[PDB]
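File shown: structure-v8.tsv (TSV, C-alpha atoms).
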```tsv
chain	number	residue	atom	x	y	z
A	392	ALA	CA	1.75	21.11	-76.70
A	393	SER	CA	4.77	19.35	-78.15
A	394	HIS	CA	4.88	17.06	-75.11
A	395	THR	CA	2.54	14.55	-73.46
A	396	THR	CA	0.54	14.81	-70.24
A	397	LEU	CA	2.10	14.97	-66.78
A	398	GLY	CA	0.25	12.36	-64.72
A	399	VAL	CA	0.03	11.99	-60.94
A	400	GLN	CA	3.22	9.97	-60.69
A	401	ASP	CA	5.37	12.90	-61.77
A	402	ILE	CA	6.07	15.29	-58.90
A	403	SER	CA	8.99	17.64	-58.30
A	404	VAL	CA	12.01	16.32	-56.43
A	405	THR	CA	11.76	18.98	-53.74
A	406	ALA	CA	8.10	18.18	-53.24
A	407	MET	CA	8.88	14.46	-53.22
A	408	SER	CA	11.45	15.02	-50.51
A	409	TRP	CA	8.92	16.88	-48.39
A	410	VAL	CA	6.39	14.10	-48.89
A	411	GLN	CA	8.86	11.45	-47.79
A	412	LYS	CA	9.98	13.51	-44.81
A	413	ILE	CA	6.43	13.98	-43.57
A	414	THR	CA	5.33	10.47	-44.42
A	415	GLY	CA	8.44	9.06	-42.78
A	416	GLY	CA	7.94	11.31	-39.76
A	417	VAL	CA	4.46	9.96	-39.11
A	418	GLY	CA	5.34	6.43	-40.17
A	419	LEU	CA	8.23	6.45	-37.71
A	420	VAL	CA	6.01	7.60	-34.86
A	421	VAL	CA	3.60	4.80	-35.68
A	422	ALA	CA	6.43	2.29	-35.93
A	423	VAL	CA	7.66	3.34	-32.50
A	424	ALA	CA	4.21	3.23	-30.96
A	425	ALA	CA	3.65	-0.14	-32.60
A	426	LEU	CA	6.88	-1.48	-31.14
A	427	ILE	CA	5.94	-0.29	-27.67
A	428	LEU	CA	2.58	-2.02	-27.87
A	429	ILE	CA	4.16	-5.20	-29.21
A	430	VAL	CA	6.70	-5.27	-26.38
A	431	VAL	CA	4.00	-4.73	-23.77
A	432	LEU	CA	1.81	-7.41	-25.31
A	433	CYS	CA	4.71	-9.85	-25.44
A	434	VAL	CA	5.55	-9.17	-21.80
A	435	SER	CA	1.89	-9.32	-20.83
A	436	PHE	CA	1.57	-12.57	-22.75
A	437	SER	CA	4.67	-14.06	-21.14
A	438	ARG	CA	3.48	-13.29	-17.62
A	439	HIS	CA	0.63	-15.41	-16.22
B	111	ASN	CA	-10.87	-16.28	10.98
B	112	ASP	CA	-13.34	-13.65	12.29
B	113	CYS	CA	-12.21	-11.04	9.78
B	114	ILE	CA	-15.48	-11.24	7.93
B	115	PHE	CA	-15.12	-8.31	5.57
B	116	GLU	CA	-16.51	-9.94	2.47
B	117	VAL	CA	-19.09	-7.65	0.91
B	118	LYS	CA	-21.99	-8.96	-1.15
B	119	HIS	CA	-22.59	-7.27	-4.50
B	120	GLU	CA	-26.06	-8.11	-5.83
B	121	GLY	CA	-29.72	-8.52	-4.81
B	122	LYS	CA	-29.19	-12.16	-5.62
B	123	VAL	CA	-25.75	-12.52	-4.15
B	124	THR	CA	-23.16	-13.71	-6.63
B	125	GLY	CA	-19.74	-13.64	-4.99
B	126	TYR	CA	-18.19	-11.08	-2.66
B	127	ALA	CA	-15.88	-8.09	-2.75
B	128	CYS	CA	-13.07	-8.01	-0.20
B	129	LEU	CA	-10.92	-5.34	1.38
B	130	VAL	CA	-7.29	-6.36	1.08
B	131	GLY	CA	-4.46	-4.01	1.92
B	132	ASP	CA	-5.28	-0.68	0.30
B	133	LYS	CA	-7.52	-2.09	-2.42
B	134	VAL	CA	-11.09	-3.27	-2.91
B	135	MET	CA	-11.08	-6.51	-4.85
B	136	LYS	CA	-13.81	-8.39	-6.65
B	137	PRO	CA	-13.99	-10.98	-9.47
B	138	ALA	CA	-14.62	-9.44	-12.87
B	139	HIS	CA	-16.99	-12.21	-13.92
B	140	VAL	CA	-19.58	-11.48	-11.24
B	141	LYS	CA	-22.51	-9.24	-12.09
B	142	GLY	CA	-24.09	-6.66	-9.80
B	143	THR	CA	-22.94	-3.77	-7.62
B	144	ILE	CA	-21.57	-3.61	-4.09
B	145	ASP	CA	-24.26	-3.27	-1.42
B	146	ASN	CA	-22.17	-0.75	0.49
B	147	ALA	CA	-22.70	2.61	-1.21
B	148	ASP	CA	-19.28	3.83	-0.10
B	149	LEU	CA	-17.72	1.16	-2.28
B	150	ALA	CA	-20.32	0.99	-5.04
B	151	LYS	CA	-19.64	4.60	-6.00
B	152	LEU	CA	-15.96	3.85	-6.61
B	153	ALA	CA	-14.47	3.55	-10.05
B	154	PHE	CA	-13.11	0.09	-10.72
B	155	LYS	CA	-10.27	-0.88	-13.01
B	156	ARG	CA	-11.09	-4.05	-14.91
B	157	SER	CA	-8.74	-6.72	-16.21
B	158	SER	CA	-10.16	-9.57	-18.25
B	159	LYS	CA	-7.07	-11.77	-18.07
B	160	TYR	CA	-7.00	-11.77	-14.28
B	161	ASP	CA	-10.78	-11.87	-13.92
B	162	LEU	CA	-10.31	-9.08	-11.41
B	163	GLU	CA	-11.63	-5.58	-10.74
B	164	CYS	CA	-10.02	-3.26	-8.21
B	165	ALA	CA	-10.44	0.15	-6.60
B	166	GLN	CA	-8.76	2.10	-3.80
B	167	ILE	CA	-10.30	1.71	-0.36
B	168	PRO	CA	-11.82	4.99	0.95
B	169	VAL	CA	-9.86	6.31	3.89
B	170	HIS	CA	-12.77	6.29	6.33
B	171	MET	CA	-13.24	2.54	6.00
B	172	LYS	CA	-9.64	1.53	5.44
B	173	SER	CA	-9.24	0.24	8.99
B	174	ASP	CA	-11.41	-2.72	8.00
B	175	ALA	CA	-8.96	-3.87	5.34
B	176	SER	CA	-7.45	-7.30	5.88
B	177	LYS	CA	-3.74	-8.02	6.03
B	178	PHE	CA	-2.09	-9.80	3.12
B	179	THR	CA	1.04	-11.72	2.22
B	180	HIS	CA	2.68	-13.15	-0.86
B	181	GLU	CA	4.06	-16.05	1.15
B	182	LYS	CA	2.45	-19.35	0.22
B	183	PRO	CA	4.24	-22.29	1.91
B	184	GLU	CA	2.88	-25.79	1.42
B	185	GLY	CA	0.39	-26.55	4.17
B	186	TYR	CA	-3.12	-25.66	5.28
B	187	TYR	CA	-5.07	-22.43	4.87
B	188	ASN	CA	-8.58	-21.49	5.96
B	189	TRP	CA	-11.64	-19.96	4.33
B	190	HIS	CA	-15.33	-19.33	4.99
B	191	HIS	CA	-16.49	-22.82	4.02
B	192	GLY	CA	-13.71	-24.91	5.56
B	193	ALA	CA	-9.99	-25.59	5.30
B	194	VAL	CA	-7.88	-25.26	2.17
B	195	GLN	CA	-4.98	-27.57	1.43
B	196	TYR	CA	-2.07	-26.07	-0.44
B	197	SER	CA	-0.23	-28.82	-2.25
B	198	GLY	CA	1.97	-28.80	-5.33
B	199	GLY	CA	1.46	-25.05	-5.65
B	200	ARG	CA	-2.31	-25.52	-5.94
B	201	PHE	CA	-5.15	-24.80	-3.52
B	202	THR	CA	-7.50	-27.74	-2.98
B	203	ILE	CA	-10.72	-28.20	-1.00
B	204	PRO	CA	-13.12	-31.14	-0.39
B	205	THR	CA	-15.62	-31.51	-3.22
B	206	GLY	CA	-18.83	-29.68	-2.45
B	207	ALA	CA	-17.14	-27.54	0.19
B	208	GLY	CA	-17.65	-24.59	-2.12
B	209	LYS	CA	-20.34	-23.67	-4.63
B	210	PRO	CA	-21.37	-21.12	-7.29
B	211	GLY	CA	-21.76	-17.76	-5.59
B	212	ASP	CA	-18.56	-18.23	-3.57
B	213	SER	CA	-16.33	-16.31	-5.93
B	214	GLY	CA	-14.48	-13.50	-4.22
B	215	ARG	CA	-13.95	-15.48	-1.02
B	216	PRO	CA	-10.48	-14.78	0.50
B	217	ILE	CA	-8.17	-17.56	1.58
B	218	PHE	CA	-6.35	-16.85	4.83
B	219	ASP	CA	-3.13	-18.17	6.30
B	220	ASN	CA	-2.57	-19.06	9.94
B	221	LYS	CA	-1.75	-15.45	10.79
B	222	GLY	CA	-5.04	-14.15	9.42
B	223	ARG	CA	-3.37	-12.78	6.28
B	224	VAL	CA	-4.98	-13.10	2.86
B	225	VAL	CA	-3.04	-15.17	0.37
B	226	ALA	CA	-5.54	-15.76	-2.41
B	227	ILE	CA	-9.01	-14.97	-3.75
B	228	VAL	CA	-11.29	-17.73	-5.08
B	229	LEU	CA	-12.73	-17.37	-8.57
B	230	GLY	CA	-13.92	-20.92	-9.20
B	231	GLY	CA	-12.68	-24.51	-9.33
B	232	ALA	CA	-12.63	-27.95	-10.95
B	233	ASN	CA	-13.98	-31.26	-9.71
B	234	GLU	CA	-11.37	-33.99	-9.35
B	235	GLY	CA	-13.10	-36.84	-7.57
B	236	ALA	CA	-13.43	-36.14	-3.85
B	237	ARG	CA	-11.34	-32.99	-4.12
B	238	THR	CA	-11.83	-29.69	-5.93
B	239	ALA	CA	-9.02	-27.64	-7.41
B	240	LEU	CA	-9.50	-23.92	-6.98
B	241	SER	CA	-9.08	-21.22	-9.56
B	242	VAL	CA	-7.56	-18.39	-7.58
B	243	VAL	CA	-5.94	-14.99	-7.72
B	244	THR	CA	-2.60	-14.95	-5.94
B	245	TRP	CA	0.24	-12.52	-5.47
B	246	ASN	CA	3.97	-12.68	-5.90
B	247	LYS	CA	6.12	-9.83	-4.75
B	248	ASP	CA	4.51	-6.76	-6.33
B	249	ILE	CA	2.51	-8.64	-8.98
B	250	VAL	CA	-0.87	-10.35	-9.36
B	251	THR	CA	-1.11	-13.74	-11.04
B	252	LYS	CA	-3.86	-16.28	-11.65
B	253	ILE	CA	-4.00	-20.05	-11.30
B	254	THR	CA	-6.58	-21.93	-13.36
B	255	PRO	CA	-6.94	-25.73	-13.02
B	256	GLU	CA	-8.06	-27.39	-16.22
B	257	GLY	CA	-11.82	-27.51	-16.63
B	258	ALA	CA	-12.39	-25.06	-13.79
B	259	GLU	CA	-15.79	-23.38	-13.71
B	260	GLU	CA	-16.56	-19.88	-12.49
B	261	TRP	CA	-18.36	-19.42	-9.15
C	111	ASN	CA	12.48	8.85	27.30
C	112	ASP	CA	12.96	12.31	28.97
C	113	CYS	CA	14.62	13.45	25.75
C	114	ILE	CA	11.51	15.38	24.78
C	115	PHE	CA	11.39	19.16	24.77
C	116	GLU	CA	8.30	21.30	24.38
C	117	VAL	CA	7.91	23.64	21.44
C	118	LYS	CA	6.37	26.79	22.83
C	119	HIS	CA	4.02	28.89	20.77
C	120	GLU	CA	2.95	32.38	21.73
C	121	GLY	CA	0.35	30.93	24.09
C	122	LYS	CA	0.53	27.12	23.97
C	123	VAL	CA	2.46	23.92	23.36
C	124	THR	CA	2.19	23.00	19.69
C	125	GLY	CA	4.45	19.97	19.60
C	126	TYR	CA	7.72	18.49	20.80
C	127	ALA	CA	11.36	18.31	19.77
C	128	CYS	CA	13.13	14.99	20.27
C	129	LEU	CA	16.80	14.22	20.74
C	130	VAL	CA	17.76	11.31	18.52
C	131	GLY	CA	21.34	10.28	17.89
C	132	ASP	CA	23.36	13.47	17.54
C	133	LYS	CA	20.51	15.59	16.17
C	134	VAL	CA	17.49	17.34	17.61
C	135	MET	CA	14.50	16.76	15.39
C	136	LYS	CA	11.45	18.98	15.13
C	137	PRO	CA	8.48	18.76	12.70
C	138	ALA	CA	8.42	21.78	10.40
C	139	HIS	CA	4.64	22.12	10.68
C	140	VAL	CA	5.01	22.88	14.39
C	141	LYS	CA	5.34	26.57	15.15
C	142	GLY	CA	7.09	28.02	18.18
C	143	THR	CA	10.48	27.69	19.83
C	144	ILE	CA	12.05	25.03	22.01
C	145	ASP	CA	11.46	25.57	25.72
C	146	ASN	CA	15.10	24.96	26.57
C	147	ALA	CA	17.08	28.08	25.71
C	148	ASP	CA	20.12	26.00	24.82
C	149	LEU	CA	18.22	24.39	21.97
C	150	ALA	CA	16.22	27.49	21.09
C	151	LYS	CA	19.42	29.34	20.18
C	152	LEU	CA	20.59	26.40	18.08
C	153	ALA	CA	20.49	26.83	14.30
C	154	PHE	CA	18.19	24.44	12.41
C	155	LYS	CA	18.08	23.19	8.83
C	156	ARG	CA	14.56	23.04	7.40
C	157	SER	CA	13.29	20.65	4.73
C	158	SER	CA	9.74	20.84	3.39
C	159	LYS	CA	10.17	17.48	1.70
C	160	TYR	CA	10.54	15.66	5.01
C	161	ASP	CA	8.77	18.23	7.17
C	162	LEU	CA	11.82	18.41	9.41
C	163	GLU	CA	13.96	20.94	11.17
C	164	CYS	CA	17.13	19.31	12.45
C	165	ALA	CA	20.20	20.57	14.26
C	166	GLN	CA	23.32	19.12	15.81
C	167	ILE	CA	22.93	18.36	19.49
C	168	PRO	CA	25.35	20.11	21.90
C	169	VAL	CA	26.21	16.59	23.05
C	170	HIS	CA	28.98	17.88	25.27
C	171	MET	CA	26.12	18.95	27.55
C	172	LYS	CA	23.45	16.71	26.02
C	173	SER	CA	24.31	13.05	26.56
C	174	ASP	CA	20.70	12.05	27.15
C	175	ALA	CA	19.80	11.78	23.46
C	176	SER	CA	17.91	8.61	22.61
C	177	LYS	CA	19.35	5.64	20.77
C	178	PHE	CA	17.83	4.85	17.39
C	179	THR	CA	17.49	2.06	14.85
C	180	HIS	CA	16.54	1.64	11.21
C	181	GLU	CA	15.13	-1.82	11.87
C	182	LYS	CA	11.36	-2.06	11.52
C	183	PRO	CA	9.97	-5.61	11.93
C	184	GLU	CA	6.23	-6.09	12.15
C	185	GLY	CA	5.08	-5.91	15.76
C	186	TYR	CA	4.22	-3.43	18.48
C	187	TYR	CA	6.00	-0.22	19.45
C	188	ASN	CA	5.64	2.23	22.36
C	189	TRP	CA	4.78	5.83	21.47
C	190	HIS	CA	4.03	7.38	24.90
C	191	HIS	CA	0.31	7.89	24.31
C	192	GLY	CA	-0.23	4.16	23.94
C	193	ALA	CA	0.88	1.14	21.95
C	194	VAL	CA	1.31	1.49	18.21
C	195	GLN	CA	1.01	-1.43	15.83
C	196	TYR	CA	3.34	-1.75	12.88
C	197	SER	CA	2.04	-3.74	9.95
C	198	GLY	CA	3.08	-3.68	6.33
C	199	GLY	CA	4.59	-0.25	5.76
C	200	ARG	CA	2.46	1.67	8.25
C	201	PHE	CA	2.17	2.51	11.94
C	202	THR	CA	-1.35	2.28	13.36
C	203	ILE	CA	-2.94	3.50	16.61
C	204	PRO	CA	-6.52	3.82	18.00
C	205	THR	CA	-8.21	6.95	16.66
C	206	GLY	CA	-8.58	8.53	20.08
C	207	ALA	CA	-4.99	7.71	21.01
C	208	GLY	CA	-3.57	10.79	19.30
C	209	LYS	CA	-4.53	14.36	18.51
C	210	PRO	CA	-3.19	17.72	17.24
C	211	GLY	CA	-0.39	18.96	19.48
C	212	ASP	CA	1.09	15.48	19.86
C	213	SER	CA	3.40	15.73	16.87
C	214	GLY	CA	7.11	15.44	17.55
C	215	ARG	CA	6.58	12.43	19.78
C	216	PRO	CA	8.92	9.50	18.94
C	217	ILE	CA	7.94	5.87	18.49
C	218	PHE	CA	10.13	3.46	20.46
C	219	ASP	CA	10.80	-0.21	19.86
C	220	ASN	CA	10.89	-2.85	22.58
C	221	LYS	CA	14.59	-2.24	23.12
C	222	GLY	CA	14.10	1.46	23.83
C	223	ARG	CA	15.34	2.68	20.44
C	224	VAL	CA	13.68	5.47	18.48
C	225	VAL	CA	12.15	4.27	15.25
C	226	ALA	CA	10.06	7.15	13.99
C	227	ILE	CA	8.78	10.66	14.72
C	228	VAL	CA	5.04	11.29	14.59
C	229	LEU	CA	3.92	14.15	12.34
C	230	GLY	CA	0.21	13.44	12.12
C	231	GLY	CA	-2.23	10.82	10.87
C	232	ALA	CA	-5.43	9.86	9.05
C	233	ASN	CA	-8.63	8.61	10.63
C	234	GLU	CA	-9.43	5.29	8.99
C	235	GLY	CA	-12.44	4.51	11.17
C	236	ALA	CA	-11.53	2.07	13.93
C	237	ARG	CA	-7.86	3.02	13.73
C	238	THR	CA	-5.75	5.93	12.55
C	239	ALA	CA	-2.69	5.57	10.35
C	240	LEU	CA	0.22	7.75	11.35
C	241	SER	CA	2.23	10.13	9.23
C	242	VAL	CA	5.75	9.51	10.42
C	243	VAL	CA	9.40	10.22	9.83
C	244	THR	CA	11.50	7.09	9.50
C	245	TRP	CA	14.99	6.24	8.40
C	246	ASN	CA	16.64	3.45	6.49
C	247	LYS	CA	20.29	2.51	6.82
C	248	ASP	CA	21.28	5.57	4.78
C	249	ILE	CA	18.67	8.35	4.72
C	250	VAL	CA	15.46	9.72	6.24
C	251	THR	CA	12.18	8.88	4.50
C	252	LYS	CA	8.62	10.09	5.03
C	253	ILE	CA	5.51	7.92	5.20
C	254	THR	CA	2.18	9.69	4.78
C	255	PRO	CA	-1.24	7.93	4.72
C	256	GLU	CA	-3.83	9.36	2.38
C	257	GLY	CA	-5.87	12.13	3.96
C	258	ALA	CA	-3.42	12.45	6.84
C	259	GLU	CA	-3.45	15.73	8.73
C	260	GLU	CA	-0.64	17.45	10.61
C	261	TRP	CA	-0.84	17.20	14.41
```
When written as structure tokens, how does the structure in this file appear?
Amino acid sequence: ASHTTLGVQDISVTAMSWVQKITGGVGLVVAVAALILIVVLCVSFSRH
Amino acid sequence: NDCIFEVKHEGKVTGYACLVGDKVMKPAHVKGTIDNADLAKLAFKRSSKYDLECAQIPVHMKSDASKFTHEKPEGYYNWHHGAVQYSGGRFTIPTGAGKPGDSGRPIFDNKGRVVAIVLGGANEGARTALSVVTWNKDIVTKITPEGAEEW
Amino acid sequence: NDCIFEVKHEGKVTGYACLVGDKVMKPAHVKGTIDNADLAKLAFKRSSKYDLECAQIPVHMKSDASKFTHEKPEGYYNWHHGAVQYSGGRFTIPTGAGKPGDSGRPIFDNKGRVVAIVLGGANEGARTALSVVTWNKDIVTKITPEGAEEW
């Protein structure tokens, strides 16, 4: 080969987009669920 | 007064369950099961911050439920071991009037309605501050005097 | 009173229709027709949500309809078959005070106003909670105790 090795860091742009879409999709669901729990805990903490 | 619907919940009795409104209420810190099988078989929902476990009262024994109110005017209230003075938003009894094993005891107003449930208390000279479960409109809250011990 | 009409089944009385305000109210669970032909021929609107069949009273020849109120203070009310106690959000009578076939009977306050229509009830042991039709300042609401059966 006239070139060097690929490595794990080098992925196609289309594939990278799909990875970010799926990762973001799950990460967003977690972020929302996390916010809901934080709000409930803050309210539950405030009340006594 | 004569609405003695406290239910013991252990071979060595450690506090009582009470029927208030539509719910069976007992302290969460007391060990043992309710002597009455109709209640013992019930699932209870436990909350560690309110030291309280509750379940729905079975229809066939719901007529024995006590009446309750959220109203807590300054003045005197009664309970199994004497009178309770409500002052400064706190319930207070004569020292020694209560003891360990009295958790779960209801406090009644002058109309026979339950206002609070006793969890424990703190010794302040001749008077004891009570740690109680009380209600506001559609919410349960807890009052804990500093240094209060569980009963 | 005397605003109560029998609902005739093929071979028995299965309940009553009451004249309240400008409407004649009948429980939907009651089968049969009103004994008075003038009401029997009257069209009714049925609602399974409230278990009611209501129709406009021919007031031009029906001026004996009962007065009614939305006010429901705690206290005692008169429901023909005895006294009924109102506490919290529920009406309560002795278990032997009512039975199947008594539905459609109104509950009156101490001023002679109709407060609620009895649909049925649940046997809670010493007392039975009633399943009733009530109204607030705007609309009709339905209160049903757990395990309540149609009467």
Contacts between chain B and chain A, please, where a residue of chain A counts if it comes within 12 Å (with all atoms listed in the file); show its shortest atom pair and distance in Å to one decimal, rows by chain and ascending number, as a tab-separated table.
```
residue	atom	partner	partner_atom	distance
A:435	CA	B:159	CA	9.7
A:436	CA	B:159	CA	9.9
A:437	CA	B:251	CA	11.6
A:438	CA	B:251	CA	8.0
A:439	CA	B:251	CA	5.7
```
Return chain C as a CSV table (one decimal) with C-alpha atoms, keeping the file's coordinate frame, after superposing it on chain B by a least-squares fit that covers all C-alpha atoms paired in order.
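The result, written out as result-v3.csv:
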```csv
chain,number,residue,atom,x,y,z
C,111,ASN,CA,-12.0,-11.6,8.9
C,112,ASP,CA,-15.1,-9.3,8.8
C,113,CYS,CA,-13.5,-7.5,5.9
C,114,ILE,CA,-15.9,-9.2,3.5
C,115,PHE,CA,-18.7,-7.3,1.7
C,116,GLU,CA,-21.5,-8.8,-0.2
C,117,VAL,CA,-22.0,-8.2,-3.9
C,118,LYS,CA,-25.6,-7.7,-4.5
C,119,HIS,CA,-27.3,-8.8,-7.7
C,120,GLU,CA,-30.8,-7.7,-8.7
C,121,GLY,CA,-32.2,-10.5,-6.5
C,122,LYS,CA,-29.4,-12.4,-4.8
C,123,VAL,CA,-25.8,-12.5,-3.5
C,124,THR,CA,-23.5,-13.5,-6.3
C,125,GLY,CA,-20.1,-13.2,-4.5
C,126,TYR,CA,-18.1,-11.1,-2.1
C,127,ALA,CA,-15.6,-8.2,-2.2
C,128,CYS,CA,-12.6,-8.5,0.1
C,129,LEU,CA,-10.5,-5.7,1.6
C,130,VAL,CA,-6.8,-6.6,1.2
C,131,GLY,CA,-4.0,-4.2,1.9
C,132,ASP,CA,-5.1,-0.9,0.5
C,133,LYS,CA,-7.3,-2.3,-2.2
C,134,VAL,CA,-10.8,-3.8,-2.4
C,135,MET,CA,-10.8,-6.8,-4.6
C,136,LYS,CA,-13.7,-8.2,-6.5
C,137,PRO,CA,-13.9,-11.0,-9.1
C,138,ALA,CA,-14.9,-9.7,-12.5
C,139,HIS,CA,-17.2,-12.7,-13.2
C,140,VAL,CA,-19.4,-11.6,-10.2
C,141,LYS,CA,-22.2,-9.4,-11.2
C,142,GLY,CA,-23.9,-6.8,-8.9
C,143,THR,CA,-22.8,-4.0,-6.6
C,144,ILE,CA,-21.2,-3.9,-3.2
C,145,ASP,CA,-23.7,-3.8,-0.4
C,146,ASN,CA,-21.9,-1.0,1.4
C,147,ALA,CA,-22.7,2.3,-0.4
C,148,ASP,CA,-19.2,3.7,0.4
C,149,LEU,CA,-17.6,1.0,-1.7
C,150,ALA,CA,-20.4,0.8,-4.3
C,151,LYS,CA,-19.7,4.4,-5.3
C,152,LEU,CA,-16.0,3.7,-5.5
C,153,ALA,CA,-14.4,3.5,-9.0
C,154,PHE,CA,-12.9,0.1,-10.0
C,155,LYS,CA,-10.3,-0.9,-12.6
C,156,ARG,CA,-11.3,-4.1,-14.4
C,157,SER,CA,-8.9,-6.7,-15.9
C,158,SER,CA,-10.1,-9.7,-17.8
C,159,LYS,CA,-6.7,-11.2,-17.7
C,160,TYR,CA,-6.8,-11.6,-13.9
C,161,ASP,CA,-10.6,-11.6,-13.6
C,162,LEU,CA,-10.3,-8.7,-11.1
C,163,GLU,CA,-11.9,-5.4,-10.3
C,164,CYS,CA,-9.8,-3.5,-7.8
C,165,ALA,CA,-10.1,-0.1,-6.2
C,166,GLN,CA,-8.3,1.9,-3.6
C,167,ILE,CA,-9.8,1.5,-0.1
C,168,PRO,CA,-11.0,4.7,1.6
C,169,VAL,CA,-8.6,3.7,4.4
C,170,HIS,CA,-9.3,6.9,6.3
C,171,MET,CA,-12.6,5.2,7.2
C,172,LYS,CA,-11.6,1.7,6.4
C,173,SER,CA,-8.8,0.5,8.7
C,174,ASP,CA,-10.2,-3.0,8.9
C,175,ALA,CA,-8.6,-4.2,5.7
C,176,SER,CA,-6.8,-7.6,6.0
C,177,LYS,CA,-3.1,-8.1,6.1
C,178,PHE,CA,-1.6,-10.1,3.2
C,179,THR,CA,1.5,-12.1,2.3
C,180,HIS,CA,3.1,-13.4,-0.9
C,181,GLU,CA,4.5,-16.4,1.0
C,182,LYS,CA,3.0,-19.7,0.1
C,183,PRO,CA,4.6,-22.7,1.8
C,184,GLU,CA,3.0,-26.1,1.4
C,185,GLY,CA,0.5,-26.7,4.2
C,186,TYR,CA,-3.0,-25.9,5.3
C,187,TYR,CA,-4.9,-22.6,5.0
C,188,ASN,CA,-8.3,-21.4,6.3
C,189,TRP,CA,-10.8,-20.2,3.7
C,190,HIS,CA,-14.0,-19.8,5.8
C,191,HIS,CA,-15.9,-22.7,4.3
C,192,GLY,CA,-13.3,-25.2,5.6
C,193,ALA,CA,-9.7,-26.0,5.5
C,194,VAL,CA,-7.8,-25.8,2.2
C,195,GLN,CA,-4.7,-27.8,1.4
C,196,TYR,CA,-1.9,-26.2,-0.5
C,197,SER,CA,0.3,-28.6,-2.4
C,198,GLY,CA,2.6,-28.0,-5.3
C,199,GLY,CA,1.2,-25.0,-7.1
C,200,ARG,CA,-2.5,-25.5,-6.3
C,201,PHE,CA,-5.0,-25.0,-3.5
C,202,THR,CA,-7.3,-28.0,-2.9
C,203,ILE,CA,-10.6,-28.4,-1.0
C,204,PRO,CA,-13.3,-31.2,-0.6
C,205,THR,CA,-15.7,-31.0,-3.6
C,206,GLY,CA,-18.7,-30.2,-1.4
C,207,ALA,CA,-16.8,-27.5,0.5
C,208,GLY,CA,-17.4,-24.9,-2.1
C,209,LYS,CA,-20.1,-23.9,-4.6
C,210,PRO,CA,-21.2,-21.1,-7.0
C,211,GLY,CA,-21.8,-17.8,-5.1
C,212,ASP,CA,-18.7,-18.4,-2.9
C,213,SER,CA,-16.3,-16.6,-5.1
C,214,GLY,CA,-14.6,-13.5,-3.6
C,215,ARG,CA,-13.8,-15.4,-0.4
C,216,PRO,CA,-10.1,-15.0,0.7
C,217,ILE,CA,-7.8,-17.8,1.7
C,218,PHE,CA,-6.0,-17.1,5.0
C,219,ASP,CA,-2.7,-18.5,6.3
C,220,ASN,CA,-2.2,-19.6,9.9
C,221,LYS,CA,-1.0,-16.1,10.8
C,222,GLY,CA,-4.2,-14.5,9.6
C,223,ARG,CA,-2.8,-13.1,6.4
C,224,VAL,CA,-4.7,-13.2,3.1
C,225,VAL,CA,-3.0,-15.4,0.5
C,226,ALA,CA,-5.4,-15.7,-2.3
C,227,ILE,CA,-8.9,-14.9,-3.6
C,228,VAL,CA,-11.2,-17.7,-4.7
C,229,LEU,CA,-12.7,-17.4,-8.2
C,230,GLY,CA,-13.9,-20.9,-8.8
C,231,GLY,CA,-12.6,-24.4,-9.2
C,232,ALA,CA,-12.6,-27.8,-10.9
C,233,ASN,CA,-14.1,-31.0,-9.6
C,234,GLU,CA,-11.3,-33.6,-9.7
C,235,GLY,CA,-13.3,-36.4,-8.0
C,236,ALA,CA,-12.5,-36.7,-4.3
C,237,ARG,CA,-11.3,-33.1,-4.2
C,238,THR,CA,-11.7,-29.9,-6.2
C,239,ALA,CA,-8.9,-27.7,-7.3
C,240,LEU,CA,-9.5,-24.0,-6.8
C,241,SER,CA,-9.1,-21.2,-9.4
C,242,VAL,CA,-7.5,-18.4,-7.3
C,243,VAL,CA,-5.9,-15.0,-7.5
C,244,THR,CA,-2.5,-14.9,-5.9
C,245,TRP,CA,0.4,-12.5,-5.7
C,246,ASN,CA,4.2,-12.8,-5.8
C,247,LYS,CA,6.5,-10.2,-4.3
C,248,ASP,CA,5.8,-7.9,-7.3
C,249,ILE,CA,2.6,-8.6,-9.1
C,250,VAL,CA,-0.8,-10.5,-9.1
C,251,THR,CA,-0.9,-13.8,-10.9
C,252,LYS,CA,-3.8,-16.2,-11.7
C,253,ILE,CA,-3.9,-19.9,-11.2
C,254,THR,CA,-6.6,-21.8,-13.0
C,255,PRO,CA,-7.0,-25.7,-12.9
C,256,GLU,CA,-8.2,-27.3,-16.1
C,257,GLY,CA,-11.9,-27.4,-16.5
C,258,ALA,CA,-12.4,-24.9,-13.6
C,259,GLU,CA,-15.7,-23.1,-13.5
C,260,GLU,CA,-16.4,-19.6,-12.1
C,261,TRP,CA,-18.2,-19.6,-8.8
```
Kindly provide the residues of chain C that approach chain B to within 6 Å, each paired with its closest atom pair and their distance in Å to one decimal, based on all atoms listed in the file, listed by chain and increasing number, as a Markdown table.
```
| residue | atom | partner | partner_atom | distance |
| --- | --- | --- | --- | --- |
| C:234 | CA | B:170 | CA | 4.4 |
| C:235 | CA | B:170 | CA | 5.2 |
| C:236 | CA | B:173 | CA | 5.7 |
| C:237 | CA | B:173 | CA | 5.7 |
```
Deliver the residues from the most recent selection as a file, using C-alpha atoms, as a compact mmCIF listing (two decimals), keeping the file's coordinate frame.
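The new file part-v2.txt reads:
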```txt
# COMPACT_ATOMS: atom_id res chain seq x y z
CA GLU C 234 -9.43 5.29 8.99
CA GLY C 235 -12.44 4.51 11.17
CA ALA C 236 -11.53 2.07 13.93
CA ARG C 237 -7.86 3.02 13.73
```
Open item on the list: Here is a test: counting only C-alpha atoms, which residue of C:220, C:113, C:133, C:203 is nearest to residue 155 of chain C?
Closed with: C:133
- [ ] Fewer than 3 positions away in the same chain doesn't count, so skip those; otherwise give me all residues within 9 Å of residue 136 of chain C, counting all atoms listed in the file, as a PyMOL selection string.
- [x] chain C and resi 117+125-128+139-140+161-165+213-214+227
